[PDB]
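Everything below concerns the one structure shown next.
Where a number appears in this text, it was derived from the coordinates with a stated rule and is not lab data. Note: ideal-geometry Cβ built from the backbone for every residue, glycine included; neighbour counts use all protein chains shown.
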Amino acid sequence: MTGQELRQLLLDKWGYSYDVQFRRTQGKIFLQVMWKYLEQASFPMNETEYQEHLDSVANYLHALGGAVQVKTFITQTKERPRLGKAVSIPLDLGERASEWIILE
């Protein structure tokens with residue numbers, strides 16, 4: 001996942017470039033796709049800032065190995081981000097992290 005792949009995943013899927021933010025609960029990490037998109041007039045980020053935000057998110061998706069989990073979740077799921085329902089993507093780092101732990 002790059003910031004490029006991330007926006008293209010949102011645009012090919014739902015036809016809008018949505019905001020994506022990380023959330024920690026119980027010690028798990030989730031990528032919550034907000035229902036707010038840059039095509040909205042009252043979006044809190046400008047065009048460039050929004051894209052730098054996507055690429056910053058995508059940097060973590062690459063670092064943690066949760067990028068595959070996003071590209072597997074969104075593509076298969078029929079969920080759309082709606083007012084009150086965020087697409088809270090479970091970033092499994094079970095198999096994804098244990099590679100660099102080196103399981104003998």
Taking the stretch 85-104 and keeping residues of a type outside the set (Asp, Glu) and either assigned to a helix (DSSP H, G or I) or without any contact (Cβ under 8 Å) to a residue 24 or more places away in the chain (or both) leaves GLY94, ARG96, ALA97, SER98, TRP100, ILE101, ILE102, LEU103
Is it the case, given these coordinates, that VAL57 is of a type in the set (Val, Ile, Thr), outside any helix (DSSP H, G or I) and touching a residue at least 12 places away in the same chain (Cβ under 8 Å)?
no
Looking across the stretch 71-87 at residues that are of a type outside the set (D, E, K, R) and under 17 Å from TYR37 (Cβ atoms), the single one that is surrounded by the most Cβ atoms within 10 Å (Cβ to Cβ) is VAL87
How many of the residues making up the stretch 44-59 are crowded, with 16+ Cβ neighbours inside 10 Å and farther than 12 Å from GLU5 by Cα?
2
So, in the stretch 1-41, of the ones that are touching an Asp or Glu at 6+ places or on another chain (Cβ under 8 Å) and in a strand (DSSP E or B), which residue ends up nearest to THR77 (Cα to Cα)?
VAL33
Does the stretch 28-45 contain at least one residue that is polar (S, T, N, Q) and under 30 Å from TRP100 (Cα atoms)?
yes
Report the residue count in the stretch 60-79 for those that are outside any helix (DSSP H, G or I) and either closer than 16 Å to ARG96 by Cα or not β-branched (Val, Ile, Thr) (or both).
4
